[PDB]
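A.B. asks: I am sharing run-v7.txt, which consists of compact mmCIF, N, CA and C atoms:
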```
# COMPACT_ATOMS: atom_id res chain seq x y z
N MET A 1 3.50 3.78 -27.56
CA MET A 1 3.88 4.18 -26.18
C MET A 1 5.22 3.54 -25.80
N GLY A 2 5.38 2.23 -26.08
CA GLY A 2 6.64 1.49 -25.82
C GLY A 2 6.85 1.14 -24.35
N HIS A 3 7.01 2.20 -23.54
CA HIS A 3 7.20 2.13 -22.06
C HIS A 3 6.10 1.34 -21.30
N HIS A 4 4.94 1.09 -21.95
CA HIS A 4 3.80 0.37 -21.32
C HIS A 4 4.12 -1.12 -21.08
N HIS A 5 5.12 -1.65 -21.81
CA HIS A 5 5.59 -3.04 -21.60
C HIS A 5 6.24 -3.21 -20.20
N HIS A 6 6.64 -2.07 -19.58
CA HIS A 6 7.17 -2.04 -18.20
C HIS A 6 6.01 -1.93 -17.20
N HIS A 7 6.14 -2.62 -16.06
CA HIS A 7 5.13 -2.62 -14.98
C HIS A 7 5.53 -1.62 -13.86
N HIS A 8 5.00 -1.83 -12.64
CA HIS A 8 5.22 -0.95 -11.47
C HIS A 8 6.44 -1.42 -10.62
N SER A 9 7.44 -2.04 -11.29
CA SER A 9 8.61 -2.69 -10.64
C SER A 9 8.13 -3.81 -9.69
N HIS A 10 7.87 -4.98 -10.30
CA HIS A 10 7.21 -6.14 -9.65
C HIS A 10 8.12 -6.79 -8.61
N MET A 11 9.42 -6.84 -8.93
CA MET A 11 10.46 -7.45 -8.07
C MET A 11 10.82 -6.51 -6.91
N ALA A 12 11.63 -7.03 -5.96
CA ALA A 12 12.14 -6.26 -4.81
C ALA A 12 13.28 -5.34 -5.27
N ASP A 13 12.89 -4.21 -5.89
CA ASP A 13 13.82 -3.23 -6.47
C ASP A 13 14.67 -2.55 -5.36
N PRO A 14 16.05 -2.68 -5.39
CA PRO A 14 16.96 -2.14 -4.34
C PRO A 14 17.21 -0.61 -4.45
N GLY A 15 16.11 0.15 -4.53
CA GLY A 15 16.18 1.61 -4.58
C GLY A 15 15.04 2.19 -5.38
N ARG A 16 13.83 2.14 -4.81
CA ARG A 16 12.57 2.52 -5.49
C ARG A 16 12.62 3.97 -6.02
N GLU A 17 13.25 4.87 -5.24
CA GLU A 17 13.39 6.30 -5.61
C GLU A 17 14.32 6.47 -6.81
N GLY A 18 15.37 5.62 -6.90
CA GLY A 18 16.23 5.55 -8.09
C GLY A 18 15.47 5.11 -9.34
N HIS A 19 14.62 4.07 -9.21
CA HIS A 19 13.86 3.50 -10.35
C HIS A 19 12.83 4.53 -10.86
N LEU A 20 12.17 5.17 -9.88
CA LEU A 20 11.17 6.23 -10.09
C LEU A 20 11.81 7.45 -10.78
N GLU A 21 13.03 7.80 -10.34
CA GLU A 21 13.82 8.92 -10.90
C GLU A 21 14.18 8.64 -12.37
N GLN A 22 14.59 7.38 -12.64
CA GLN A 22 14.95 6.91 -13.99
C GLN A 22 13.74 7.00 -14.91
N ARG A 23 12.54 6.71 -14.36
CA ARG A 23 11.28 6.85 -15.09
C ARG A 23 11.01 8.31 -15.45
N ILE A 24 11.10 9.21 -14.45
CA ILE A 24 10.79 10.64 -14.63
C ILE A 24 11.66 11.22 -15.76
N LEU A 25 12.99 10.98 -15.68
CA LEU A 25 13.97 11.48 -16.67
C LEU A 25 13.69 10.92 -18.07
N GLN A 26 13.27 9.64 -18.12
CA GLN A 26 13.02 8.90 -19.36
C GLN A 26 11.76 9.45 -20.06
N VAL A 27 10.69 9.69 -19.28
CA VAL A 27 9.43 10.29 -19.77
C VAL A 27 9.70 11.70 -20.36
N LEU A 28 10.53 12.47 -19.64
CA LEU A 28 10.93 13.84 -20.04
C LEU A 28 11.74 13.81 -21.36
N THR A 29 12.56 12.75 -21.54
CA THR A 29 13.40 12.56 -22.73
C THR A 29 12.57 12.14 -23.95
N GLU A 30 11.60 11.20 -23.76
CA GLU A 30 10.75 10.66 -24.85
C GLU A 30 9.90 11.78 -25.46
N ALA A 31 9.36 12.65 -24.58
CA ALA A 31 8.64 13.86 -24.99
C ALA A 31 9.59 14.84 -25.69
N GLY A 32 10.80 14.97 -25.11
CA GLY A 32 11.76 16.01 -25.51
C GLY A 32 11.21 17.41 -25.22
N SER A 33 10.34 17.47 -24.20
CA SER A 33 9.48 18.61 -23.89
C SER A 33 9.03 18.54 -22.42
N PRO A 34 8.54 19.67 -21.81
CA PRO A 34 7.94 19.66 -20.46
C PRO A 34 6.79 18.64 -20.30
N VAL A 35 6.91 17.77 -19.29
CA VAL A 35 5.87 16.80 -18.91
C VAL A 35 5.23 17.26 -17.59
N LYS A 36 3.89 17.30 -17.56
CA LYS A 36 3.11 17.73 -16.39
C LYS A 36 3.27 16.74 -15.24
N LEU A 37 3.14 17.24 -14.01
CA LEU A 37 3.26 16.45 -12.78
C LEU A 37 2.14 15.39 -12.72
N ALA A 38 0.89 15.83 -12.96
CA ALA A 38 -0.28 14.93 -13.14
C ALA A 38 0.00 13.81 -14.16
N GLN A 39 0.74 14.13 -15.24
CA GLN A 39 1.12 13.15 -16.26
C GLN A 39 2.22 12.22 -15.71
N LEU A 40 3.14 12.79 -14.90
CA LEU A 40 4.25 12.02 -14.27
C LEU A 40 3.69 10.96 -13.32
N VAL A 41 2.52 11.25 -12.70
CA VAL A 41 1.80 10.29 -11.84
C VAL A 41 1.46 9.01 -12.62
N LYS A 42 0.78 9.19 -13.77
CA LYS A 42 0.27 8.06 -14.56
C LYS A 42 1.40 7.34 -15.32
N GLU A 43 2.38 8.11 -15.87
CA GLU A 43 3.54 7.55 -16.58
C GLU A 43 4.45 6.75 -15.64
N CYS A 44 4.95 7.41 -14.58
CA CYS A 44 5.94 6.81 -13.67
C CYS A 44 5.26 5.89 -12.64
N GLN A 45 3.90 5.85 -12.68
CA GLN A 45 3.05 4.91 -11.93
C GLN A 45 3.21 5.09 -10.40
N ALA A 46 3.49 6.33 -10.00
CA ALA A 46 3.77 6.69 -8.59
C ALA A 46 2.89 7.87 -8.15
N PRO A 47 2.51 7.97 -6.83
CA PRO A 47 1.67 9.07 -6.32
C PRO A 47 2.39 10.43 -6.43
N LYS A 48 1.62 11.48 -6.77
CA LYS A 48 2.07 12.89 -6.78
C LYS A 48 2.91 13.24 -5.53
N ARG A 49 2.47 12.74 -4.36
CA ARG A 49 3.15 12.93 -3.06
C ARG A 49 4.62 12.48 -3.12
N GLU A 50 4.83 11.24 -3.61
CA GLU A 50 6.16 10.64 -3.73
C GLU A 50 7.00 11.39 -4.77
N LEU A 51 6.37 11.69 -5.92
CA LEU A 51 7.00 12.39 -7.04
C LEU A 51 7.60 13.72 -6.59
N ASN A 52 6.78 14.55 -5.89
CA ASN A 52 7.19 15.89 -5.39
C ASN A 52 8.53 15.85 -4.66
N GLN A 53 8.60 15.00 -3.62
CA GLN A 53 9.79 14.88 -2.74
C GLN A 53 11.05 14.48 -3.54
N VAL A 54 10.91 13.53 -4.49
CA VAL A 54 12.02 13.08 -5.34
C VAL A 54 12.43 14.20 -6.32
N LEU A 55 11.44 14.81 -7.00
CA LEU A 55 11.61 15.89 -8.00
C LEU A 55 12.38 17.11 -7.48
N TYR A 56 12.17 17.53 -6.21
CA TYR A 56 12.91 18.67 -5.63
C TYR A 56 14.38 18.31 -5.39
N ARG A 57 14.63 17.01 -5.12
CA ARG A 57 15.99 16.47 -4.94
C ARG A 57 16.70 16.42 -6.31
N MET A 58 15.96 15.95 -7.34
CA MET A 58 16.43 15.90 -8.74
C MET A 58 16.69 17.32 -9.29
N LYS A 59 15.90 18.30 -8.80
CA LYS A 59 16.09 19.74 -9.13
C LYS A 59 17.45 20.23 -8.63
N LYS A 60 17.80 19.86 -7.38
CA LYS A 60 19.10 20.18 -6.77
C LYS A 60 20.25 19.52 -7.55
N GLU A 61 19.99 18.30 -8.06
CA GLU A 61 20.95 17.52 -8.86
C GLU A 61 20.89 17.92 -10.35
N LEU A 62 20.08 18.95 -10.69
CA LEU A 62 19.98 19.56 -12.05
C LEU A 62 19.37 18.59 -13.10
N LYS A 63 18.85 17.45 -12.62
CA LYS A 63 18.25 16.39 -13.45
C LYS A 63 16.93 16.87 -14.08
N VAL A 64 16.18 17.69 -13.32
CA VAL A 64 14.91 18.28 -13.77
C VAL A 64 14.92 19.80 -13.52
N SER A 65 14.07 20.51 -14.25
CA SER A 65 13.81 21.94 -14.07
C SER A 65 12.29 22.15 -14.07
N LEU A 66 11.82 23.20 -13.39
CA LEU A 66 10.39 23.52 -13.34
C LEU A 66 10.11 24.61 -14.38
N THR A 67 9.35 24.27 -15.43
CA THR A 67 9.02 25.21 -16.53
C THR A 67 7.75 26.02 -16.20
N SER A 68 6.78 25.37 -15.57
CA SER A 68 5.47 25.93 -15.23
C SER A 68 5.10 25.41 -13.82
N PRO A 69 4.22 26.13 -13.01
CA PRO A 69 3.84 25.75 -11.61
C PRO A 69 3.94 24.25 -11.24
N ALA A 70 3.06 23.39 -11.82
CA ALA A 70 3.11 21.92 -11.61
C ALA A 70 3.44 21.19 -12.94
N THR A 71 4.38 21.75 -13.71
CA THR A 71 4.89 21.13 -14.95
C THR A 71 6.42 21.12 -14.90
N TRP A 72 6.99 19.93 -15.08
CA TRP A 72 8.43 19.69 -14.98
C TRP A 72 9.00 19.44 -16.38
N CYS A 73 10.31 19.54 -16.50
CA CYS A 73 11.02 19.27 -17.76
C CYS A 73 12.37 18.66 -17.44
N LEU A 74 12.99 18.06 -18.46
CA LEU A 74 14.35 17.53 -18.37
C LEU A 74 15.32 18.71 -18.22
N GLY A 75 16.29 18.57 -17.28
CA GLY A 75 17.31 19.60 -17.02
C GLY A 75 18.28 19.72 -18.18
N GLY A 76 17.81 20.37 -19.26
CA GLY A 76 18.52 20.42 -20.53
C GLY A 76 18.45 19.09 -21.26
N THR A 77 19.34 18.18 -20.87
CA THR A 77 19.41 16.81 -21.38
C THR A 77 20.24 15.97 -20.38
N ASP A 78 20.77 14.81 -20.82
CA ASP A 78 21.79 14.07 -20.05
C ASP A 78 23.04 14.96 -19.90
N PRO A 79 23.55 15.20 -18.64
CA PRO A 79 24.77 16.02 -18.42
C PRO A 79 26.01 15.34 -19.04
N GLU A 80 26.39 15.80 -20.25
CA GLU A 80 27.54 15.28 -20.99
C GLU A 80 28.85 15.87 -20.41
```
Rewrite the structure of this file - the entire thing - as structure tokens.

C.D. replies:
Amino acid sequence: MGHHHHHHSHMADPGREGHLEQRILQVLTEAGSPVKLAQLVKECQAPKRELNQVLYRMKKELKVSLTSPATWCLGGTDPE
């Protein structure tokens, strides 16, 4: 798994939505494939509620794309 050595951001992280976003993109990259929203909950260690609001913003920023109803994917890859 590898990523399990990371916790729920124990310290006073100066931008929780940024850290959460970095998690979502990273999970999508490790798979190299569409990751489900329900799976993004357990991986990124954040509630579906919080994920949704961030994910639509990341969609506008082309960071993520929606492949299936409640299944997300990496927006191609890192924008080179």

A.B. asks: Select from chain A everything DSSP, run on the backbone, classes as strand (DSSP E), then give the selection as an MDAnalysis selection string.

C.D. replies: chainID A and resid 35:36 64:68 71:74

A.B. asks: Against stretch 64-69 of chain A, which residues of stretch 23-59 of chain A fall within 10 Å? For each one I want the closest pair of atoms and the distance in Å (one decimal), counting only C-alpha atoms, rows by chain and increasing residue number, as a Markdown table.

C.D. replies:
```
| residue | atom | partner | partner_atom | distance |
| --- | --- | --- | --- | --- |
| A:24 | CA | A:64 | CA | 8.7 |
| A:25 | CA | A:64 | CA | 7.5 |
| A:28 | CA | A:64 | CA | 8.7 |
| A:33 | CA | A:67 | CA | 9.9 |
| A:34 | CA | A:67 | CA | 6.9 |
| A:35 | CA | A:67 | CA | 9.3 |
| A:36 | CA | A:68 | CA | 8.6 |
| A:37 | CA | A:69 | CA | 9.4 |
| A:55 | CA | A:64 | CA | 7.1 |
| A:56 | CA | A:64 | CA | 8.4 |
| A:57 | CA | A:64 | CA | 9.1 |
| A:58 | CA | A:64 | CA | 5.8 |
| A:59 | CA | A:64 | CA | 5.0 |
```

A.B. asks: When you draw a straight line from atom N of residue A:54 to atom CA of residue A:1, how long is it in Å?

C.D. replies: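 One can read the atom N of residue A:54 to atom CA of residue A:1 distance as 24.6 Å.
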
A.B. asks: Go ahead and find all residues with at least one atom no further than 6 Å from (16.7, 15.6, -18.0) in the file's coordinates, using only N, CA and C atoms; report them as a PDB file with N, CA and C atoms, in the frame of the given file.

C.D. replies:
```pdb
ATOM      1  N   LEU A  25      12.990  10.980 -15.680  1.00  0.00           N
ATOM      2  CA  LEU A  25      13.970  11.480 -16.670  1.00  0.00           C
ATOM      3  C   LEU A  25      13.690  10.920 -18.070  1.00  0.00           C
ATOM      4  N   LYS A  63      18.850  17.450 -12.620  1.00  0.00           N
ATOM      5  CA  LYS A  63      18.250  16.390 -13.450  1.00  0.00           C
ATOM      6  C   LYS A  63      16.930  16.870 -14.080  1.00  0.00           C
ATOM      7  N   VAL A  64      16.180  17.690 -13.320  1.00  0.00           N
ATOM      8  CA  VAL A  64      14.910  18.280 -13.770  1.00  0.00           C
ATOM      9  C   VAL A  64      14.920  19.800 -13.520  1.00  0.00           C
ATOM     10  N   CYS A  73      10.310  19.540 -16.500  1.00  0.00           N
ATOM     11  CA  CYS A  73      11.020  19.270 -17.760  1.00  0.00           C
ATOM     12  C   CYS A  73      12.370  18.660 -17.440  1.00  0.00           C
ATOM     13  N   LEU A  74      12.990  18.060 -18.460  1.00  0.00           N
ATOM     14  CA  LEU A  74      14.350  17.530 -18.370  1.00  0.00           C
ATOM     15  C   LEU A  74      15.320  18.710 -18.220  1.00  0.00           C
ATOM     16  N   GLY A  75      16.290  18.570 -17.280  1.00  0.00           N
ATOM     17  CA  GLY A  75      17.310  19.600 -17.020  1.00  0.00           C
ATOM     18  C   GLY A  75      18.280  19.720 -18.180  1.00  0.00           C
ATOM     19  N   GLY A  76      17.810  20.370 -19.260  1.00  0.00           N
ATOM     20  CA  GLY A  76      18.520  20.420 -20.530  1.00  0.00           C
ATOM     21  C   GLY A  76      18.450  19.090 -21.260  1.00  0.00           C
ATOM     22  N   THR A  77      19.340  18.180 -20.870  1.00  0.00           N
ATOM     23  CA  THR A  77      19.410  16.810 -21.380  1.00  0.00           C
ATOM     24  C   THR A  77      20.240  15.970 -20.380  1.00  0.00           C
ATOM     25  N   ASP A  78      20.770  14.810 -20.820  1.00  0.00           N
ATOM     26  CA  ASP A  78      21.790  14.070 -20.050  1.00  0.00           C
ATOM     27  C   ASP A  78      23.040  14.960 -19.900  1.00  0.00           C
TER      28      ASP A  78
END
```

A.B. asks: How many Å separate atom C of residue A:8 from atom N of residue A:45?

C.D. replies: 8.0 Å

A.B. asks: Per DSSP on the backbone, filter chain A down to the residues in helix (DSSP H, G or I) and report them as a PyMOL selection string.

C.D. replies: chain A and resi 3-5+16-31+37-44+48-60

A.B. asks: Expressed in Å to a single decimal, how great is the separation between atom CA of residue A:38 and atom CA of residue A:61?

C.D. replies: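 Separation between atom CA of residue A:38 and atom CA of residue A:61: 21.8 Å.
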
A.B. asks: Of the candidates A:52, A:12, A:80, A:18, which one gets nearest to residue A:40 if we count only C-alpha atoms?

C.D. replies: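 Answer, going by the shortest atom-to-atom distance: A:52.
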